[PDB]
Each structure stands twice: as C-alpha cells, then as structure tokens.
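Cβ sites come from the backbone with ideal geometry, for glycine too, and all protein chains shown count toward neighbours. Basis: the model, the stated rules and, where named, an outside source; nothing here is a laboratory result.
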Amino acid sequence: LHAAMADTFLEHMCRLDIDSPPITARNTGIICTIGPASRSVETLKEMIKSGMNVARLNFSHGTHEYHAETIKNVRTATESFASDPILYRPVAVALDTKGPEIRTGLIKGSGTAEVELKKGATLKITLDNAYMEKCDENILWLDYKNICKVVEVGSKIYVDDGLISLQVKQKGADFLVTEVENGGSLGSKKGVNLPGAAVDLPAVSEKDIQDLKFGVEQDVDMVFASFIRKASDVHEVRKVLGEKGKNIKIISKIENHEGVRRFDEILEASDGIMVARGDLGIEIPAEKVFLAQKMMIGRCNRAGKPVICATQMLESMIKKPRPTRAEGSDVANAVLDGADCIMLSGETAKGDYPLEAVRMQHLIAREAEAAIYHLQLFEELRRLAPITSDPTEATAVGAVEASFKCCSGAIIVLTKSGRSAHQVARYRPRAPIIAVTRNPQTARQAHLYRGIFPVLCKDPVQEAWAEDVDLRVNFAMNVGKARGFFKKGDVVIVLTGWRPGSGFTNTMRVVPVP
Amino acid sequence: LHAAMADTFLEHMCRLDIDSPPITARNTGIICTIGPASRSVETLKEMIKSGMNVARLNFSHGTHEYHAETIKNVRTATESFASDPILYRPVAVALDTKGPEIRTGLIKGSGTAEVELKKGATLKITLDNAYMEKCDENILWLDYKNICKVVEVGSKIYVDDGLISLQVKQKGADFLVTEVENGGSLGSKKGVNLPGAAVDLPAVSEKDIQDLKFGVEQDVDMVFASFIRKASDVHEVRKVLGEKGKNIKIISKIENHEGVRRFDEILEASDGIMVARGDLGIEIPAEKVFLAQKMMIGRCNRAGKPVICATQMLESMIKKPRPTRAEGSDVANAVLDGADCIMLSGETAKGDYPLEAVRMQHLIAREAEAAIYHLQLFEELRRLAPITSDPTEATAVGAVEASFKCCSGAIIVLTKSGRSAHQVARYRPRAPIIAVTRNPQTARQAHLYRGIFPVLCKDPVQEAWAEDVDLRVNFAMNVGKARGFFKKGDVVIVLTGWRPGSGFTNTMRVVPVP
Amino acid sequence: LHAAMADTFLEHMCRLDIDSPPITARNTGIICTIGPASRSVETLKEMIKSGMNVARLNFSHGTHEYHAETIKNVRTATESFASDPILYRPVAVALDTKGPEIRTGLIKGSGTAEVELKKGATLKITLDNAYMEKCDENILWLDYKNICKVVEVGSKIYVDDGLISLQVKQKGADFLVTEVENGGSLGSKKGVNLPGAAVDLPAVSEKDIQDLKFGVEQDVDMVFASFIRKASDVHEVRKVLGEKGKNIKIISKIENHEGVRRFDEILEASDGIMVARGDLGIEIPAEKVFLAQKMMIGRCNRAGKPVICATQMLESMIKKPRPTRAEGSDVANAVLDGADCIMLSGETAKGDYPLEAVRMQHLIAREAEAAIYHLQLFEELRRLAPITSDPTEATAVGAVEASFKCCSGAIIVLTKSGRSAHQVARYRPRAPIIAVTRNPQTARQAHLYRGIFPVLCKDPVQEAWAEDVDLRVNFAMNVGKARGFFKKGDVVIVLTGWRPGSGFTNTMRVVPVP
Ligand SMILES: O=P(O)(O)OC[C@H]1O[C@](O)(COP(=O)(O)O)[C@@H](O)[C@@H]1O
Ligand SMILES: O=P(O)(O)OC[C@H]1O[C@](O)(COP(=O)(O)O)[C@@H](O)[C@@H]1O
Ligand SMILES: O=P(O)(O)OC[C@H]1O[C@](O)(COP(=O)(O)O)[C@@H](O)[C@@H]1O
Ligand SMILES: NS(=O)(=O)c1cccc2c(O)cccc12
Ligand SMILES: NS(=O)(=O)c1cccc2c(O)cccc12
Ligand SMILES: NS(=O)(=O)c1cccc2c(O)cccc12
C-alpha cells in the first residue's frame, strides 16, 4: 500500500510532497469563542458546518442572563442537525472563568482620564482606600492589599498589559516606592501583572463562585479555570463544582511565571491544560513564550492528558479575509508538536470574518496532521509507557500498532465513559478514532482528546447484548462512509469489551468495511 | 560540565527550562530591507548595533541613482565602527532583482479606475494591444503574449495577488474565455499569477539585465534572483553577472509551483535558496505553504547550502511595538528547522519601529538556538554524509565532534575563500564559529551560513608565515572575549592549514583561552 | 570510498559478505601461556612471528629457577628481531599468581589412593589435623579452617572441580555433616570450591608474596591476580608490589560467585579484568557463564578498561591441528562483544600444535573485527561518555570521528605513558592505532588495550623538539607501510602534543602518507 516512511527526521522532512492530498479526517479539535459576531443561530449553524466542536463562553464581560441566551443558541443550532442521526456532529460548551485580578483605581477622580508616566519618574503605590478616585501620577492605588508581603525589591510591576513597567526601589509596608521603566498614557481600572512572583489572591474569586455555580446549573461540558498557581487552586475549583457537577472537566489555564514553575503538580491535578499564550507573554519575556508552550505540550503528551493551545493564533483575520504566513505556520506548528485542539478568540467573537477563520483553521490543521513523523513519535511513546497488567491498556496499544501495519482507515471503539477511546488517542494513531457512545455528555468532552471523532447513538437498546454491540459497530461504519473516512472493502480495527459495563475492553478485531 | 541531554525528542522537549539563560552568541543572521524608514545614516548605525548583517536593497521601486545613495549610506555606517578593529561588524549588501511579471492594462482608459467582477461573470482575455487603455469588465489585456500555449482549460488565473481568481473555460488562440470565481474591485497595472503552470517568460527581463549589471559595478555581495523555474534561469543570471562579478553569490527565490516541483536541480545550480513565503502563498494554497518551507530548509540542510527564510515574519510590527504570539513562534520555528538567516521586509522598510523589529528578531532567534536538539540532529547529519578522502572535510567533522565533548565556547577557523568555515557550519555546532579572514568580501558573504560570525583582520602580513597564523588566531580570541563568547581559562577548538594557500586545512588543535 | 553501512543491526548482519577480504591489521592481542611445548627459543621466535604479544607464565607449578629460564628465553627471542628497528614487535610478560585454595588431605594415608562416594552417602568434614593422612569415605579433612563460619546449611561444596558435589545438612563447629549429590572416585590433595559463598582466605597467600616479590625483581609487565573477591584484595596486591613495581599493571581474575556479585568496585580498583571462564564455570552453573562474560566485557567497555578473555577457547587444538566449529565461533564471538585480547592455555603450553593454535587465533580475530557494527557501537559509546574540559579527551574523540569519515588507514599517536593511545582505543576506531613511544615498558603494556599496535623508537633524541616529533611520526609511517596498513598517497590521522611532557596532547592533524 503506502510506501515505507523515512529512516530519519531529516530524511522525513526532505520527502514532504505538496502534491500529496491529505486524509478527509481532521484530528485536532476547533474551539470558537462566541461573541457579538457569532451569537446568531444562523451564524452558529453555519460555523458548526465549517468545523466547530467547542463553543467557548467568556465569563469576563456580560451578565448571567446574556450568557444563557448564548447557550440556548449554541444548543438550538447543535440540535438543528440532529434529525439525521448519521450526520449529527455533537458540540461542547465551555466556560472561561474570569479569574483573580489586581486593578488600578479611577485616575484624577474621572471615569476616563489620562496620565503620562516618564522613563525615570518615581511612584509611591498606596493601598489606602482614600487615594482611589483621586489617583495621580505620583500616587497609585492597587486593588491587591497583600502586595508588600509578596513583591520584593527589584521585582517589576507591569501595568495595562505591560505598556508600563516599573521597578520596586523600597518597600516599607502600606506603600512601595518605584522607578518607572516604560512610558505612556495610563487609564482607570487597568490590570496589574507582577512577574516572577508568588501571588496570594484567592483561587476562586467571589464572582467566579457564582459563575462556576451557574455553569453546573446550565450543564456545561468543561470549565477553563483561569490563573492557576498551585495544585491546591485546581482542587478548590473541584470543590465548588460539587458532586452535582463532578463530571465537568477542569482545564487549568497556565498564565503566570509560578504556574509554569510548578507545572508538574498542576497537571497531576487537572483533566487537561490550556497554554494561554496571551497572558503568559506579559508575565514572562515574549521571546521565551515559545519554549514554555513546547515544554508544556511536551509533558502533556507524556502524561496522556489533552493540551488546548490558545490566543493570537489567526489574529490578523479580524480585519482581512486571509491570514499572514506567520499565522498559517503557527497553527501548523502547534498541530505538529501535538497540541490537542486550538483556540480562536477575537477572530470568531469580534471579527468581520468568523466563518473564514474557522474554515482556515480546518484546512491548515488537516495538512499539518499529514506531516507528523509517526513511525518515530509512536516508537518513543511506547518506550516512555509503564508496563502494567491492565487489559484496556494492552488492547489499546495493540489496536494502534495494528492500525499502522494495515494502513487502517479508522478505529471504531465502543465507549461509555470515554476512557477506552482516551487510551487509544494517547498514542497518536494516524487513523481517525470513531467512538460510539450512548452517554450524550461523554460524546461532548471527547472533543478534547486529539484523534477522537465522537458519534452519539440514539438507536434504543436491543435485548441480546451481543446484538446491541453489533448494532453500534454498524452505526460507526455508516458514519465513517458518509463522511469519507473509508469505502467498502477497506479495513478497520474495532475495539470492544467482553461483558457490558465500564472497563472491560479487551477485544481488538480487524474487519473489512461492509 | 553541562549534564547529558535527553535520550529522545519527546524527553528533550519536556526538559526545556525557561529559567535557563542562553549563550551570548546568536547563530542565525538578520537581513533587513532598507527603505524610507531606515535609509538615514543615524538609523543604519543604530540598526547595525541591534544585529543587522545583510542590508537588502529592493530593486522593484526607485531609480538607479536612488539606490546608490542607499548603498553609500549602508557603507558610511558600516565603516563608522571600523576605527576599533576588534568591535567592527562587517555588513553584506544584497540586491533583490524585480523579476518577470504578467500585468493588467489601464482600466476604462483612466489612471486609477475601479471595475466590479461578480462571482460567475464571464471574461474574455485578449492579447491585442488595442484593448489596453480601454480595458473593461468583459475584456482584459494581459502583458503576457504567450499565455495560450501555457494555460490549459481548468487552470485558474489569480489577479491582484489572488483577490480575484478566475477559471479558464475555452482557449481559442488570441483569446481565452473564463468564469470568475472570486469577486472584488480591480485596478490598472495589477499582477497576474497563473497556478500549477510552466510559464515561458525570459529568466532575466530587460530591466533586470541593467540591474544585475548595475550591482556588479556597485560591488554588491550577493544577488537575490527572483522567479526561478528551471536550473537554466539560475545559469542565465550567472552568465549576465560575467567574469567581472563571478564571486557574487546567487540565491534563487523559489516563488511559483514549478519552482518547488523542480527544486532539486535549482539547488544544485545556486549558492543558496530563499523561501519567499510571500509570493509562494498565492501561486499555491496558503494551508500548504508551511510544508514547502519545511521540505526546502530540509533539503538545503542535507545539501549543505544556506537557506534564507523570508516574508510576513513580524508583519504586525509595522504598526505596534510588540509582536503577536504567532509572529514570535514563527521566527522561533524557522530557526528550529534550520533556517540559516531570516528576513524583515515591511517591518524595517516602512514601519514605525525598525530598530525594535530587529531587536526582537535578535532575542527570539537566540533563545530558539538553545532549544535545538543537537545530539540527535548532529548524529543524523553524519549518517547522511558521504565518506570522502578530502582532508578539509575530515578535519571539520572532527572539529565539531570535539566541540560537543569539551563544551567548547568557540571554533576559530582561519579562512580565505570561506570554504573551511562553510564545512564546519554544515554540521550545526552549538558553539559559534569565529572565522578570521583578510579577504574583506569573504567576510561579508559569511553571513549566509548559519553559525559563522566572521571577523576581518587588518593587521599587515608578518614575515614568518607560522607567526602570521599565530597573529590571526590571537585576534579571534581578543574578539571572542570582548564579545563574551568565552573568558580566560575557557576552552576553544582552532582549525588551521599546514602550508599557506587555499584548501589545505587539516590541523585541529584544542587550546585554553589566554 | 567505502559505501554507507546498514541503518540497522539486522540490516547490518544480512549484508556480511564472505568474499570481502579484511584489513591487514589485527586489533585484539594474543596471549600465549608458556609451558613445555613452547619454552624453547626456536619455538618462541616462531610464535612471535605468528602473532604472540604477551607470554604468560603460570606460577602454579614449577620453581623460581625454572620460570627465570623461561623469561630469559622469551626475552632472547623477543630481542632476536630487534636488529631491524622497523620490524621489531615488542612482547609483554605476565605472571599468573597461584592464588588461595582449599584442599583435601591424603586419602587412606597413601600418596595416590581412590575412594568411591555414592549418590546419597553421608560425610563428616573435620578440620582436626589428625584425620589428614588418614582421610576416608566417612571423614574428610579440609585445608580451610574457618569454613564453618562461612558455609551455611544448603550451601553445596564442589570437590575435584565439581566431579563431586555435596550438600551441607548440619554444621556444629569443628565439623559439618553433608549428603553427597554427585558420585565418582576421589583422590588426595584435590581442590574444593564452595558456591554462592563469601570465603575469608587471605588475598595474597604466603606463596604469592614470594611470587609477586619475585616478579618485581624480574621486571614483568603485568600481574594476573587470581581469586579476587573484594576491592580490598586488589588493594593488597598493589601494596605488596610496592613503589619499586608501582607501574606493573594488576589484572584481577574474576573467578567466584562473590567476584561477579561485587564486580563494579573491583573494576574501579584494577587496571583491567580477566574473565576466567575455567574456574567461573564450577563456582556457578555452566549454562550461566556466558551471561557473566557478556556482562563483564560490557561494563569494562563502558569504563574504558581492558578485558582479557580466557580458557577453553581452542581446547580441541591440543590433539587435532584444526579446531571444531564451536571453538571457531567462540573466539569470533568474544572478539565481537569487545574482548580486548584473548588467551590460549593448554593449546600453547602442552599441545602438539602450539604454532597452529596461534596462527588460528590470528586469522579468526582478524575476520571478526571486520564484522563489528561500528557506526552504531561508536554512536553509543559517545552518548555514554561524560562531558569534561580535558583537552586530551576531546582530541581523542575528534581523532576517532575523523578516522571514520576519511576511511583513514591508521592513527599515529605519540605517547609516553601510553594514556594518549589508551583514550583513542576507548572508542574502538576501525583503523589500527600505531603508538610511538620511547619508554620500552609503555610499549609492552599497550598490548592490553584493543586496537593499539605499539612501536618502540630507538633513534636518539634530536636537539630541536619540533624536529624530534617529526622524526617519531615518520617512523610510524615507515612502520605502517612495511606492515601494510597503508600505502603512499593514503590518509592518516596523527595525534600530537603542543609542549613536551605528559598530558598535553591537543593537536589532531590529517596527513597524506609520504
Ligand atoms: O470506555 P469505557 O468506559 O471502558 O467503556 C467500555 C465498555 O464499552 C463496551 O464495549 C460496550 O458495552 P456497553 O453496552 O455497557 O456500553 C463494554 O463491553 C466495555 O467495557
Ligand atoms: O577556507 P580556505 O579557502 O580553504 O582557507 C584555508 C587556508 O587558510 C589558512 O589556514 C591560512 O593561510 P593564509 O595565510 O594563506 O590565509 C591556510 O593554511 C589554509 O589552507
Ligand atoms: O600519552 P601521554 O603520556 O599523555 O604522552 C603525550 C605526550 O607525547 C608528546 O606528543 C611527545 O612528547 P615527548 O617528546 O615528551 O614524548 C607530548 O607532546 C605529549 O604531551
Ligand atoms: N512534529 S513531529 O511529528 O516531528 C513530533 C511531534 C511530537 C513528538 C515527536 C517525537 O517524540 C519524535 C519525533 C517527532 C515528534
Ligand atoms: N528543531 S530540531 O532541533 O528538533 C531539528 C531540526 C532540524 C533537524 C532535526 C533532525 O534531523 C533530527 C532531530 C531534530 C531536528
Ligand atoms: N558485536 S557488535 O559489533 O554488534 C557490538 C559489540 C559491542 C557493543 C555494541 C553496541 O553497543 C551496539 C551495537 C553493536 C555492538
């Protein structure tokens, strides 16, 4: 069939043809953020068609009533296509908690006033509530009260997303006094970031307790936890969600210097990571951000967890209907490291071209998945995996290995919680992974793991349990075919259990497509 | 000293620390394009300080007199710093030939008029010189006369850089008739690209014969040959430059579909390749461009030739003083594949922030060079190298291998033509490669090869030839030290010859820095 | 030149041609043991011609006067060929200390009497000196007095080299009582081995103090230390040899179960290891011996120390003038793991065919060295080597790497202590390593390290030190040529120092053979 791949990564690279068409499948999910440009039910319907799999609601701005109208919409459109059970794509919702902040007071007493900070001028920073609504050039008010026990001398404060830096000269309780390093106009209520620091602010703010608690009532499918410093913050979110929402998946945003520095414990606490390049690139030097992303996707692949990758991905596509080259080869380049799914923010929320920005992330990811150098990635992922006695693990590795050798067009897996699928995707198989579930929710959170293309079975449960398995498999063939992942007389791997239940997948059969 | 690097590329990735400071050296050159924003001698002086190594003059717009004033400037600034012979960086000039084009005539007879093309409307394209200066919606004039023997039915024509596509329906000599696929306003004298085609236009245009011939008179250091389809075009440029400019280095721009498809022969004809992402991304689908870049840098590493990499690299830094994340991790990502040096266009020619855009390409490249996974790249580059009897080759590989093992802070190489250096850089040593030449020109074209940091010796030739070698080495120590590539009591590898001449490098010594 | 070697070890194997003639060089030394069949000066002369490099004197049997006549001979023959300074091979001597033993007394009072031990019969073992010279079937006397504090219940005793095993049933001080497991006739004064045990006998016996002390007076080149259990035994030998013989190289024989179990510390104490398959295969089960050999040569390659490999190598060549296949592919198979030199015992001491047994170990080793899979062995030996700042190390790795690439016919190294050579051989270069020394002793102990082919320079020291180096190199060319390791216009790597002394090798030149 397909000829033997290159013996080395340099040989591999050199052989990349651009006349070679890719598979119809696309292995990395696409998360859109929903805003003004894309809250309408016509737009959302049209987006779902283009390849959107996670609608992400941004709980920074807008009221609880405003978001509910958005979810109501996302669902109306998701559920339009559910007449034809074969062609129905399911669609996750996700809630992006606002997080902790430090904030500036009202400058000169006004609502929107400007102050010029020079490149050497001295600033006292007072935590007394008298100077807010009378903030000047000389005296600034910080929202954060506990700053002086955190910030040491030399530690810089970045203001208004790093437009203004300033270096701390002397701290004497109630006030720290600083020399300003970067200049420009300052406003009122503008966010403060203090690099290299261990900030003490509460893990969930007062606002974000109502938000998470709102999202369990609204039945969201995952929560994107903002500003995560310790494993204990991730454990706080898990507490608030409570046993009523104990399924909801927590994805921590790594956002600050401390977050990176303690990455390894946060991972062992979350259900997946988001690399939030936006904020990360203020709290540490922009020229380094690239390394933190690589590192993180790295460790997340080894651990087997999903890593979303976010922010500024196709930024120029707010204004112009085509991206720049940089934007093209940044998307392709996350997808190559093994980002699990990728994020559009401004481009889908606010831009003139929401449909295009999706259609573009579709095409790009798709070609890039065909450039991955499997038969040296796979071989490394094996060496780095523990020898255990667990049937499900053994079957899932075997199923991947087979898939290579027979060039198989898919891997049907019957799931229930999703875990059976999740193991297969831990190996990055070249074939797509149709997973076939009854649990409507399992279907939605599958969109995180790279590879898995979930399908929801509505067909009511047969009497004889063996015949209920044979019904579900045959669904997954009729779905693969009407999509184009294989034809008749092709070859598919099918994972299955031996009894009914969860956690008894042990059988891997290799069947020709009927 | 430095601990043993990871056993695998996934292990490697996972270990990338962001608290680990990089080497003071920077291995990939920076090419600025000189325009209005950066023709002044104050700006250029300040740029050279930031890390510019190739000034690229763009022979599209402007007259011969206008460019000469630019070169005169580049040189005045280059030569400012040549009082202090240790701290003098040399600076290449490079000439970007305009190339062949196809062009539209004057619409409606006017200088600047607009015509709306709909999404299905029919167009005749006439090559009769009557319809130019009277071009309408229905009839368009093409500069190219020989189009009908090239373009077949189905082949699309992209107009105004792909704003307007149109598909060819019937060709009947003198005129081809088309259905328009993409809509929008069209102008007068706007460039035509015809994908998937083998275009017959002359290799050097009439204009570009005067340009190349101008650049030999002005003593440029390399020529960036635009629109290169065959090895015979590259051979045409080499003819025109003549024996008077037989040193000048030809870098072919790969720009069209055919260029890629025949890459392998063009390489064996040029002195190095430029991947010109700008144009490449119209002539083929934007989602594929990434693969053509990888492929090309790939093959160029194996062949040992330099590959420049160009266009849209830090595009947003025309308007705002910081890049987007995409722009950051696109620069880092060329540098990781093994782009040899990188290009700023708009950002340096036209933008508000030319110095910043350089300072940013400096910092980025520098961190990214410290993330390269050497002790599996090096090992592959060996396996893929021919066993030959040539002393110079054997010494250069040995010198690299040593450099690994002793963690050596540099590799001094005494050159003359440059070839001795060029072999060492063919291995991508982690250490910088100080090359020490008398030939002022060799010094300028060193900036192409990745790693090489050339220094020009002015100290007059000693009597005893052994003592002339010892003078040159000691220069390269005093230069490495005042830069920071090593201290006293560090360890450097020094390549040298046995007789004087060219092509007798055979000795590799390993010395402690005095 | 020579085509690129296979990408994998299975591919490698499959490509082994038997029509491909090997290099004239032979990289693994040959140690003969000198006995009756080969003490004559005619035989020894003829042996030296065949390829003997270490004469090993066996200090078990014979008096001090008898051995001295043997050394006197070995030297007379070594020194016959020293008229022609180019063709003179130097020849090490080596002393095999008898070691500790446990021994049986005189059976039935007689000099040579027989006793039948059945397969279940009970034996008391008494340490009272009354029962010796009256040893029976029921009561046996052991030389070892301290046995009962060492041997526990279950520990088997092997007698007469494991002809008779017996298992210990009850130990009650002064006597242990046993059930016999293997049957056959027993004699008087026949050696006892007690498996799995930590034996307390002195490191150097009373006899072996006179022997070592004899060997320093006779100026032997290394000592083969027998029965080595701890690093403290190896440290005892080093004490006895004293500062008068502080150069003499100690090679520990690993011989018992404990020896293997503590291998790692013994290595860090000795100057090289001998795997003594003879004895090892009684003290542990014969089917395991193979693994202990592999393991040991293994660790010794990583540590960079030489491993001799011994015993039963060509055993059938005592009686018949050709070996069995097993004997052929056991020699080839040590040489492939990376045994550093190999031992003939009976075959050279006692056999009818001493010259043939050498000529056979010559031919075999030689073909086998051409089957080693270098360009995956070398690459592993690098990864497993520490990054240090030591010039000599860096030069020696570089020199090996070069040698690969230019297919170089030799590596001349000017030594003095030998250490410069020893580093190069730590990499297993395919080329032979001519080392050129003035120190006549350094020349003799070079025969241990695999690869090194030492040559002794007699030419008196020139005035100008640079010209003294150029004299020594040119010797090493005239020696390589008259041997056949290269011709005119071939290519050789030459390591050298920068000052005179020891430990300043830093220069690696790559020269064409004059
Ligand atoms: O991914 P999970 O949660 O282990 O689900 C696997 C289960 O799915 C099945 O294949 C299908 O059975 P169900 O009818 O219980 O879903 C079981 O045989 C198996 O144990
Ligand atoms: O890179 P090239 O052109 O081979 O130059 C290498 C030459 O440089 C030298 O080291 C310096 O000698 P020169 O004085 O002739 O430059 C020669 O010994 C050697 O052959
Ligand atoms: O193997 P060793 O003991 O380091 O000997 C290396 C020495 O040999 C030499 O090359 C030869 O010099 P000598 O005349 O002192 O032997 C020195 O330059 C060098 O340091
Ligand atoms: N981009 S890639 O396909 O080269 C790649 C991505 C992730 C991990 C890899 C690995 O562990 C080994 C080789 C390539 C990898
Ligand atoms: N970016 S990188 O360091 O992983 C790399 C770049 C070019 C070639 C490589 C290769 O041949 C093998 C591993 C990594 C490479
Ligand atoms: N016999 S061999 O050439 O295959 C060999 C011997 C010793 C070590 C080796 C190694 O580390 C890797 C491959 C082959 C080896």
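When B:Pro36 is tested against the conditions (1) surrounded by 13 or more Cβ atoms within 10 Å (Cβ to Cβ); (2) in contact (Cβ under 8 Å) with a residue 40 or more places away in the chain, the lone failure is (1).
Out of the residues in the stretch A:476-501 that are within 21 Å of A:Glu401 (Cβ to Cβ) and within 16 Å of ligand 1 (Cβ to nearest atom), state the one that is surrounded by the fewest Cβ atoms within 10 Å (Cβ to Cβ). Lay out the reasoning, then the answer.
Here is the first cut: in the stretch A:476-501, the residues within 21 Å of A:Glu401 (Cβ to Cβ) are A:476, A:480, A:485-486, A:490-498.
Of the ones still in play, those that are also within 16 Å of ligand 1 (Cβ to nearest atom) are A:476, A:492-498.
Values: A:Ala476: 23, A:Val492: 25, A:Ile493: 25, A:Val494: 23, A:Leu495: 25, A:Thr496: 20, A:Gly497: 20, A:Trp498: 10.
Only one residue tops the list, namely A:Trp498.
Got at least one residue in the stretch C:247-254 being under 30 Å from C:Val151 (Cβ atoms) and surrounded by fewer than 19 Cβ atoms within 10 Å (Cβ to Cβ)? Among the residues of the stretch C:247-254, not one is under 30 Å from C:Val151 (Cβ atoms) and surrounded by fewer than 19 Cβ atoms within 10 Å (Cβ to Cβ), which makes the answer no. Every listed requirement among (1) within 8 Å of chain B (Cβ to nearest Cβ); (2) assigned to a helix (DSSP H, G or I) is met by A:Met317 save one, (1).
Pairs needed: first member in the stretch A:330-348, closer than 16 Å to A:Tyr373 by Cβ and within 16 Å of ligand 2 (Cβ to nearest atom); second member anywhere, in a loop (DSSP other than H, G, I, E, B) and among the small types (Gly, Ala, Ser); C-beta distance under 6 Å; at least 6 residues apart or different chains. Taking only residues 6 or more apart or on different chains, not a single pair turns up. Residues of the stretch A:262-287 that are over 18 Å from A:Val307 (Cβ atoms), in a helix (DSSP H, G or I) and either free of Cβ contacts under 8 Å to residues at least 60 places away in the same chain or within 13 Å of the chain's Cα centre (by Cα) (or both): A:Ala286, A:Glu287.
Selection of first residues in the stretch C:471-489 that are in the same structural domain as C:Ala410 (by CATH) and of second residues that are assigned to a helix (DSSP H, G or I) and surrounded by 18 or more Cβ atoms within 10 Å (Cβ to Cβ), restricted to Cβ pairs under 6 Å at least 6 apart or on distinct chains, gives the following pairs, ordered by first then second residue: C:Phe486/C:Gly480. Considering (1) surrounded by fewer than 19 Cβ atoms within 10 Å (Cβ to Cβ); (2) under 28 Å from C:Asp221 (Cα atoms), the lone condition that C:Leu377 does not fulfil carries the number (2).
Give me the residue from the stretch C:24-53 that is polar (S, T, N, Q) and within 20 Å of the chain's Cα centre (by Cα) and, out of that set, farthest from C:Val331 (Cα to Cα). So that I can check it myself, show each step before the final result.
Going through the stretch C:24-53, the residues polar (S, T, N, Q) turn out to be C:24, C:27-28, C:33, C:38, C:40, C:43, C:50, C:53.
Those left that are additionally within 20 Å of the chain's Cα centre (by Cα): C:27-28, C:33, C:38, C:50, C:53.
Details: C:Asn27: 13, C:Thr28: 11, C:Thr33: 17, C:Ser38: 22, C:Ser50: 17, C:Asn53: 17 Å.
Filtering the stretch C:24-53 for residues that are polar (S, T, N, Q) and within 20 Å of the chain's Cα centre (by Cα), the one farthest from C:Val331 (Cα to Cα) comes out as C:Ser38.
In the stretch B:321-363, the residue that is nearest to A:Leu314 (Cα to Cα) out of those that are assigned to a loop (DSSP other than H, G, I, E, B) and either of a type in the set (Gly, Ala, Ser) or within 11 Å of chain A (Cβ to nearest Cβ) (or both) is B:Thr324. Exactly one residue out of B:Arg366, B:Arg444, B:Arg382 is within 11 Å of another protein chain (Cβ to nearest Cβ), more than 16 Å from ligand 1 (Cβ to nearest atom), under 23 Å from the mean Cα position of the chain (by Cα) and part of a helix (DSSP H, G or I), and it is B:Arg366.
Pairs only if they're at least six apart or on different chains, beta carbon under 6 angstrom, first in the stretch B:379-391 and without any contact (Cβ under 8 Å) to a residue 60 or more places away in the chain and more than 21 Å from B:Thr505 (Cα to Cα), second assigned to a loop (DSSP other than H, G, I, E, B) and away from ligand 2 (no atom under 16 Å from the Cβ); list them, first residue then second. Close Cβ pairs satisfying both conditions: B:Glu380/A:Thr8.
Check whether at least one residue in the stretch B:186-207 is out of contact with any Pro (no Cβ under 7 Å at 6 or more places or on another chain), farther than 30 Å from B:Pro285 by Cβ and assigned to a strand (DSSP E or B), and report yes or no. No, the stretch B:186-207 has no match at all.
Could you count how many residues in the stretch B:397-441 are assigned to a helix (DSSP H, G or I) and touching a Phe, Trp or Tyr at 6+ places or on another chain (Cβ under 6 Å)?
3
Within the stretch B:460-474, the set of residues being farther than 15 Å from B:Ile493 by Cα and either within 12 Å of ligand 2 (Cβ to nearest atom) or within 14 Å of chain C (Cβ to nearest Cβ) (or both) comprises B:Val461, B:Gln462, B:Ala464, B:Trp465, B:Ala466, B:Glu467, B:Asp468, B:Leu471. When you check C:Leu414 against the structure, is it within 16 Å of ligand 6 (Cβ to nearest atom) and not assigned by CATH to the domain that holds C:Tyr88, yes or no? Spelling it out, it is not the case that C:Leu414 is within 16 Å of ligand 6 (Cβ to nearest atom) and not assigned by CATH to the domain that holds C:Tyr88.
Under the condition of being of a type in the set (A, V, I, L, M, F, W, C) and within 29 Å of the chain's Cα centre (by Cα), which residue from the stretch B:487-509 is farthest from ligand 2 (Cβ to nearest atom)? The extreme case among them is B:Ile493. Only a single item in (1) closer than 25 Å to C:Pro429 by Cα; (2) more than 14 Å from chain B (Cβ to nearest Cβ); (3) of a type outside the set (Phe, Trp, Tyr); (4) outside any loop (DSSP other than H, G, I, E, B) is not met by C:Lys45, and it is number (1). Number of residues in the stretch B:385-427 that are surrounded by fewer than 20 Cβ atoms within 10 Å (Cβ to Cβ), more than 11 Å from every other protein chain (Cβ to nearest Cβ) and closer than 28 Å to C:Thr8 by Cβ: the value is 0.
Inclusion of C:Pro454 among residues that are touching a residue at least 12 places away in the same chain (Cβ under 8 Å), more than 16 Å from ligand 4 (Cβ to nearest atom) and surrounded by fewer than 12 Cβ atoms within 10 Å (Cβ to Cβ) is not warranted. For the criterion of being of a type in the set (A, V, I, L, M, F, W, C) and over 33 Å from the mean Cα position of the chain (by Cα), C:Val473 fails.
Table: residues versus (1) over 24 Å from C:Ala94 (Cα atoms); (2) within 16 Å of ligand 4 (Cβ to nearest atom); (3) in the same structural domain as C:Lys320 (by CATH); (4) not small (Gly, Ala, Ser).
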| site | (1), (2), (3), (4) |
| --- | --- |
| C:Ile342 | no, no, yes, yes |
| C:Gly346 | no, no, yes, no |
| C:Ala349 | no, no, yes, no |
| C:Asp352 | no, no, yes, yes |
| C:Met360 | no, no, yes, yes |
| C:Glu367 | yes, no, yes, yes |
| C:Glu379 | yes, no, no, yes |
| C:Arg383 | yes, no, no, yes |
| C:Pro386 | yes, no, no, yes |
